[PDB]
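According to the entry's author numbering, the residues represented by the sequence shown are 868, 873 to 1194, 1197 to 1223, 1227 to 1264, 1273 to 1291, in order. Cβ coordinates follow ideal geometry from the N, Cα and C atoms, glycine included.
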Amino acid sequence: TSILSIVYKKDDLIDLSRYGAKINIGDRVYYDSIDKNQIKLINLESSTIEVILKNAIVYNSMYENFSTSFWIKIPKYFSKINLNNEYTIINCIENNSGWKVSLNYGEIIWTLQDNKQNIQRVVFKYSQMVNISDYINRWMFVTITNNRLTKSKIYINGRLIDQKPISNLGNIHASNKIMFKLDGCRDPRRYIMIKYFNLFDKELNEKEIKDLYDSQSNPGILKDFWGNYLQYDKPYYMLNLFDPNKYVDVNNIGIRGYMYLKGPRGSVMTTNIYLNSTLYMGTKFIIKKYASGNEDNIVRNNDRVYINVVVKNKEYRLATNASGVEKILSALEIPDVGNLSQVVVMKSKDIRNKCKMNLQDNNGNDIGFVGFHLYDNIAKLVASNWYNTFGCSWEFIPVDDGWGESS
């Protein structure tokens, strides 16, 4: 039903729909190096995408339903200048009617306006005062649906967040131009990343929204904390989602030592702006290729890997003994690893899940998932078949410009 579907092709953006919108890209629009569909817009004049829709599919109705979807990644707001500054990022308003998407400190706003001065706004609010955020500087899938008889609805990651009545609104005559541009943003350093902008000529239902969320998410590719592709040879700080206020540390190198979860995490704070747990703590993990082929650097579901552990800026091998109980994980000298258990199968889905690491012994026997076990006062990392719910789910956190903590 997409009537506009923007994707990257040959260092350009094109419309995949049958309507072939014109796309004029400004000079200051950038594409990510790993995933070219990630488009960066910055707060500079020529950081623009102007979509000119054909006159035929321009919205001008009292009753036609429509939806939009896109992915967005919004870096942490760091400064006083960000408070109380609503700025448009996607504009489809002509005179006083149409629709727009705006942002503010902790907000995504949808604004719908008719030609008789009636307006409705629907708002997604996220806090920057939370220990670990699902949203700050992390890819979010946004879907906004509009049923002219009922409500406008905003969904985030496939989940309905808020909704507001719109039956008071009359004729909406939107623009033939969709302008992607930070407009009215007082912070020169602000940017966003956006991916897969779509428009649909109906109100999508919850199932369709979940299916779109699943099928644009690359379900066979593991993701890092920020939602980018998980990659080989890249150092990651580790977060166990079951016990998120701890971080990984090593108690001695070698088979006689162990990795464990230690806490609490630190805090990063700017008054009235953010207060979060420190992410860049502890032993980093690096995913290494084990299998043949597997030529690109993206970690996929079911990839067979080794996991290296970084201690005082040197790599060691995550491994455990070769001997039917939970097996405490150690950091081994790579030349010492011998026939120790070390091969990990990476999993993004069982039905999607967060990252899991399934260890096997050298004879190919399943020795369970990487998690933790409390031994009196110490939560040691283990491989355990106890896991099948959630204590073996991990996030991998690389340093990211959008987060801003010291590294």
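- Member of 1200, 1253, 1211, 1255 whose CA lies at the smallest distance from the CA of residue 1234: 1200
_Residue(s) in a DSSP beta bridge with residue 962_ = 971, 1050
### Query
For residue 1055 versus residue 956, is the C-beta distance shorter than 9 angstroms?
yes
Worksheet entry | Three-state secondary structure assigned by DSSP to residue 1086 | helix
query = With 16 other CB atoms within 10 Å as the buried threshold, where does residue 977 fall?
reply = buried
Which residue's Cα is closest to the Cα of residue 875: 1162, 908, 929?
929
Q. CB-CB under 8 angstroms to residue 1155, same chain, minus the five flanking residues each way: which ones, in chain order?
A. 1106, 1107, 1108, 1109, 1180, 1181
Output yes or no for whether 9 angstroms exceeds the beta carbon distance between residue 909 and residue 944. yes
Among 1132, 1228, 1177, the one whose alpha carbon lies nearest that of residue 1104
1177
Quick check: what's the CA-CA separation for residue 903 versus residue 992? 31 angstroms
So what's residue 1183 in DSSP terms, helix, strand or just coil?
coil
As a quick exercise: from 1288, 1290, 1189, pick the residue whose alpha carbon is nearest that of residue 1245.
1189
*Which residues share a DSSP beta bridge with residue 1140?*
1146
- request: Pick helix, strand or coil for residue 1073, following the three-state DSSP scheme.
  value: coil
Count the other C-beta atoms from every protein chain shown that fall within 10 angstroms of the C-beta of residue 1274, then say buried if there are 16 or more, exposed otherwise. exposed
Checklist entry - Are residue 1120 and residue 1112 closer than 9 angstroms when you measure CB to CB? => result no
I'd like the ranges of any beta strand (DSSP E) spanning at least 3 consecutive residues and lying wholly in the stretch 1013 to 1067.
1022 to 1027, 1030 to 1036, 1048 to 1054
Out of 1221, 960, 1114, point me to the one whose CA is closest to residue 915's CA. 960
Self-check item: Spatial distance of residue 1157 from residue 1236 (CA atoms)
Solution: 18 angstroms
Does the beta-carbon of residue 1277 have 16 or more other beta-carbons within 10 angstroms, so that it is buried, or is it exposed? buried
Pick helix, strand or coil for residue 1284, following the three-state DSSP scheme. coil
### Message
Buried or exposed, going by whether 16 or more other CB atoms sit within 10 Å of the CB of residue 1232?
### Response
buried
Going by alpha carbons, who is nearest to residue 1078 out of 1028, 1148, 1198? 1028
query = Between 896, 1211, 1162, which lies nearest to residue 1049 when the distance is taken from Cα to Cα?
reply = 896
Discussion item. If contacts are defined as beta-carbon pairs under 8 angstroms, then residue 1016 and residue 938 qualify, I think. What distance do you get, rounded to the angstrom?
Written reply: 4 angstroms
Notebook entry, point to check: Do residue 1082 and residue 868 have their C-beta atoms within less than 9 angstroms of each other?
Noted result: no
For residue 1152 and residue 1041, what's the separation of their Cα atoms in angstroms?
54 angstroms
From residue 877 to residue 1069, what distance separates their C-alpha atoms? 7 angstroms
Going by C-alpha distance, which of 1228, 1227, 1204 is nearest residue 1272?
-> The model of the chain omits the segment between 1264 and 1273, and residue 1272 is among the residues lacking coordinates.
Status (buried if at least 16 other CB within 10 Å, exposed otherwise) for residue 1272
In the model shown, the chain runs from 1264 to 1273 with nothing in between, leaving residue 1272 without coordinates.
ask   = Looking at the unbroken beta strand (DSSP E) that takes in residue 1122, where does it start and where does it end?
value = 1118 to 1122
Just how far apart, CA to CA, sit residue 933 and residue 1019?
7 angstroms
Can you grab the Cα-Cα spacing for the pair residue 1134 / residue 1255, in whole Å?
10 angstroms
(message) Using DSSP's beta-bridge definition, name the partner residues of residue 920.
(response) 896, 1051
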